[PDB]
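Quick notes on the structure that follows.
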Amino acid sequence: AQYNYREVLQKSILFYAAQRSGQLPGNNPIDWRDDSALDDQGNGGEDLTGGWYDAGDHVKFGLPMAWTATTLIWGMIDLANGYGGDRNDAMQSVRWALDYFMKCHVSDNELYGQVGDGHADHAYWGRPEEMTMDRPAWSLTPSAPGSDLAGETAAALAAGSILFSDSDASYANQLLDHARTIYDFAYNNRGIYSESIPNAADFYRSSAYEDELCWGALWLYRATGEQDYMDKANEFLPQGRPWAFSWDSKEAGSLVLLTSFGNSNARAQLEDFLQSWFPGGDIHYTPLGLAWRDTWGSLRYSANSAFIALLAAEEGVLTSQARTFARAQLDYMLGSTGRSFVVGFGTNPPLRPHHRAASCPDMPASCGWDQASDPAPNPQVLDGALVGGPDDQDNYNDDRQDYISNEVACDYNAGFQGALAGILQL
Ligand SMILES: [Ca+2]
Ligand code: NA
Ligand code: NA
Ligand code: NA
Ligand code: NA
């Protein structure tokens, strides 16, 4: 069959609308979401309202949030024609994240990286609008560094400066000023953010920061044209084959950007990465054709590689085969097995994604832990969300408490949305 990729793209943007924290705008399209977490603030009282909730919880996790933003923005820049008439909506969508990063950047060398204690947050089940627990905020500073989180945040802001150049130059300038300063913080104060924010080490443990130092430098090079950023990127070049592209590992993305700038080693590395993911490579294929990387977030890992493949094909890298692979993977997510893995879309979509707000009945009814375990479909449809997905033999359970199957997250949708745009321009 053929799929309505544009409808999915539009729903993905609505997923991000459903993840908004803070004071929502009057044109909020999600009728079951309202103002929430209005007291989010730093240890000096600084306003930290806004941003996206990470997943089915209410924590603001800076590393996946920033990677999501960078990745979304990359598609809006380089796959603009595919976005087409939805591009402006997509731009306004990601502004929510960018605004929040700028608030997090309270001073030159202090960057808030988390709002919410993941344990306390996950102990609650209910609407974000009705939270009453303490929501601690943790920052990165020279004595508690995080080159990974800071480098990714810098990348997002630099990518944003490119995206917004033409339509909102004053905003783009603000974004780039913060990007430069945040990147200097990341480069000058080396460390793993989840050692500095220990709460995060239970949820988004960072494996390494040098890949964010390369990625952020590449984005700043793209945003400024200043050679010093290429020189910095060259200090941190990807080594070997990336395991995947994700919130944790930036190497495959850096390979695409490096290839775009004429780096020959990177282009060969990118070819070697892609061929492993194509059929008959080193990546496991399920019997129904999903390129399956890991137990957790299998659809996300495939979508992320589909996005890389589409962008690589724009550089003339394994062009046709890359596009064939991307389409096959997207088609698995949308319906090729006979059901959709995108909430609110297609044939037999997931009805019970693991998401607190979606699980709740309409206001003014109470919502609590009984809503986590109810076998009924979620009362609210989390349109657009890509679920965790199946195991290595295509088995999947639409159970709200099967975390492996039915997790939803900002990062799960980020490559996915761009890959939809990329397919739309073929
Ligand atoms: Ca990393
Ligand atoms: Na708009
Ligand atoms: Na250590
Ligand atoms: Na490596
Ligand atoms: Na093989």
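Letters A, B, ... mark the chains of the structure tokens in the order given; residue numbers begin at 1 per chain; ligand numbers begin at 1, in order shown.
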
Applying 6 Å and only C-alpha atoms, which residues near segment 175-177 of chain A remain after dropping the ones on its own chain fewer than 6 positions away? List them as number ranges by chain.
A: 157-158, 161

Mind writing the picked residues with N, CA, C and O atoms as an mmCIF file, in the first residue's frame?
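New file result.cif:
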data_model
loop_
_atom_site.group_PDB
_atom_site.id
_atom_site.type_symbol
_atom_site.label_atom_id
_atom_site.label_comp_id
_atom_site.auth_asym_id
_atom_site.auth_seq_id
_atom_site.Cartn_x
_atom_site.Cartn_y
_atom_site.Cartn_z
ATOM 1 N N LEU A 157 20.477 25.407 19.382
ATOM 2 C CA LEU A 157 20.369 26.827 19.228
ATOM 3 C C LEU A 157 21.058 27.330 17.952
ATOM 4 O O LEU A 157 20.517 28.217 17.232
ATOM 5 N N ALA A 158 22.208 26.754 17.627
ATOM 6 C CA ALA A 158 22.870 27.110 16.376
ATOM 7 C C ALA A 158 22.058 26.675 15.154
ATOM 8 O O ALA A 158 21.914 27.455 14.203
ATOM 9 N N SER A 161 19.322 29.061 14.764
ATOM 10 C CA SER A 161 19.716 30.344 14.181
ATOM 11 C C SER A 161 19.702 30.287 12.661
ATOM 12 O O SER A 161 19.357 31.246 12.032
#

Distance query residue 75 of chain A at most 9 Å, only C-alpha atoms, self and fewer than 6 positions along chain excluded, as a PyMOL selection string
chain A and resi 82-83+307+311+415+417-419+421-422

Can you tell me which residues sit at most 10 Å away from ligand 5, counting only C-alpha atoms and all ligand atoms, written as number ranges by chain?
A: 275-284

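Restricting the calculation to only C-alpha atoms and all ligand atoms, the smallest distance between ligand 2 and any of A:211, A:402, A:86, A:315 is found for A:86.
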
Using only C-alpha atoms: which of A:350, A:392, A:1, A:59 has the shortest distance to residue 123 of chain A:
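Under the stated criterion, the closest residue is A:59.
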
For segment 276-360 of chain A against segment 374-378 of chain A, with a cut-off of 9 Å and counting only C-alpha atoms, what is the closest atom pair and its distance in Å to one decimal for every residue that makes the cut, ordered by chain and number, as CSV?
residue,atom,partner,partner_atom,distance
A:350,CA,A:377,CA,8.7
A:351,CA,A:377,CA,5.0
A:352,CA,A:378,CA,5.2
A:353,CA,A:378,CA,7.6
A:355,CA,A:378,CA,8.8
A:358,CA,A:378,CA,6.0
A:359,CA,A:378,CA,4.7
A:360,CA,A:378,CA,7.2

Grab the residues selected above and save them as a PDB file, in the first residue's frame with N, CA and C atoms.
ATOM      1  N   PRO A 350      -1.930   2.032  18.112  1.00  0.00           N
ATOM      2  CA  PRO A 350      -1.911   1.824  19.559  1.00  0.00           C
ATOM      3  C   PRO A 350      -2.950   2.678  20.262  1.00  0.00           C
ATOM      4  N   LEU A 351      -3.678   2.064  21.200  1.00  0.00           N
ATOM      5  CA  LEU A 351      -4.754   2.725  21.901  1.00  0.00           C
ATOM      6  C   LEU A 351      -4.351   3.105  23.320  1.00  0.00           C
ATOM      7  N   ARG A 352      -3.266   2.500  23.804  1.00  0.00           N
ATOM      8  CA  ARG A 352      -2.905   2.671  25.249  1.00  0.00           C
ATOM      9  C   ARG A 352      -1.409   2.988  25.402  1.00  0.00           C
ATOM     10  N   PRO A 353      -0.912   3.994  24.701  1.00  0.00           N
ATOM     11  CA  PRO A 353       0.500   4.418  24.971  1.00  0.00           C
ATOM     12  C   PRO A 353       0.676   4.833  26.451  1.00  0.00           C
ATOM     13  N   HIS A 355       1.322   7.097  28.814  1.00  0.00           N
ATOM     14  CA  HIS A 355       1.337   8.561  28.873  1.00  0.00           C
ATOM     15  C   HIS A 355       0.336   9.019  29.891  1.00  0.00           C
ATOM     16  N   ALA A 358      -2.614  11.491  28.621  1.00  0.00           N
ATOM     17  CA  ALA A 358      -3.528  10.840  27.705  1.00  0.00           C
ATOM     18  C   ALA A 358      -4.397   9.780  28.355  1.00  0.00           C
ATOM     19  N   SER A 359      -3.890   9.162  29.413  1.00  0.00           N
ATOM     20  CA  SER A 359      -4.586   8.147  30.151  1.00  0.00           C
ATOM     21  C   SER A 359      -5.720   8.663  30.999  1.00  0.00           C
ATOM     22  N   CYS A 360      -5.822   9.969  31.170  1.00  0.00           N
ATOM     23  CA  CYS A 360      -6.794  10.518  32.082  1.00  0.00           C
ATOM     24  C   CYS A 360      -8.116  10.789  31.394  1.00  0.00           C
TER      25      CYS A 360
END

Collect all residues with atoms no farther than 7 Å from ligand 4, counting only C-alpha atoms and all ligand atoms, and output them as JSON, numbers by chain.
{"A": [238, 239, 240, 241, 242]}

Using DSSP on the backbone, list every residue of segment 263-379 of chain A that comes out as strand (DSSP E), and give them as a PyMOL selection string.
chain A and resi 284-285+291-292

Can those selected residues be exported to a file as a JSON list (two decimals), in the first residue's frame so that it contains N, CA and C atoms?
[["chain", "number", "residue", "atom", "x", "y", "z"],
["A", 284, "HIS", "N", 20.01, -6.62, 12.77],
["A", 284, "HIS", "CA", 18.93, -7.61, 12.73],
["A", 284, "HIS", "C", 17.71, -7.07, 12.03],
["A", 285, "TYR", "N", 17.18, -7.87, 11.09],
["A", 285, "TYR", "CA", 15.86, -7.59, 10.56],
["A", 285, "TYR", "C", 14.85, -8.56, 11.14],
["A", 291, "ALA", "N", 14.36, -3.03, 10.78],
["A", 291, "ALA", "CA", 15.74, -2.98, 11.17],
["A", 291, "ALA", "C", 15.79, -2.66, 12.68],
["A", 292, "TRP", "N", 16.14, -3.71, 13.41],
["A", 292, "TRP", "CA", 15.92, -3.77, 14.85],
["A", 292, "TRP", "C", 17.25, -3.69, 15.58]]

Tell me, counting only C-alpha atoms, for each residue of segment 375-394 of chain A within 12 Å of segment 3-10 of chain A, which pair of atoms is nearest and how far apart they are in Å to one decimal, in rows ordered by chain and increasing number, as a tab-separated table.
residue	atom	partner	partner_atom	distance
A:383	CA	A:8	CA	8.8
A:384	CA	A:8	CA	6.3
A:385	CA	A:8	CA	9.3
A:386	CA	A:8	CA	10.0

At most 8 Å is the cut-off: for each residue in segment 125-205 of chain A with any atom that close to an atom of segment 99-109 of chain A, write down the nearest atom pair and the distance in Å rounded to one decimal, counting only C-alpha atoms, chain first then increasing number, as CSV.
residue,atom,partner,partner_atom,distance
A:140,CA,A:109,CA,7.8
A:141,CA,A:109,CA,5.7
A:142,CA,A:109,CA,6.8
A:153,CA,A:101,CA,6.9
A:157,CA,A:101,CA,8.0
A:175,CA,A:102,CA,7.6
A:178,CA,A:102,CA,6.9
A:181,CA,A:108,CA,6.2
A:182,CA,A:108,CA,7.0
A:185,CA,A:109,CA,5.8

With only C-alpha atoms and all ligand atoms counted and 10 Å as the cut-off, give the residues of chain A in contact with ligand 3, each with its shortest interatomic distance in Å and the pair that gives it, as a tab-separated table.
residue	atom	partner	partner_atom_place_in_ligand_line	distance
A:191	CA	ligand 3	1 (Na)	9.4
A:192	CA	ligand 3	1 (Na)	8.3
A:194	CA	ligand 3	1 (Na)	9.7
A:195	CA	ligand 3	1 (Na)	7.2
A:207	CA	ligand 3	1 (Na)	9.9

Please identify all protein, DNA and RNA residues within 8 Å of ligand 2, counting only C-alpha atoms and all ligand atoms, and report them as a PyMOL selection string.
chain A and resi 86+88-92

Selected residue of minimal separation from ligand 1 among A:354, A:205, A:327, A:267, counting only C-alpha atoms and all ligand atoms:
A:205

Could you list, as a PyMOL selection string, all the residues within 8 Å of ligand 1, counting only C-alpha atoms and all ligand atoms?
chain A and resi 148+206-212+247-250
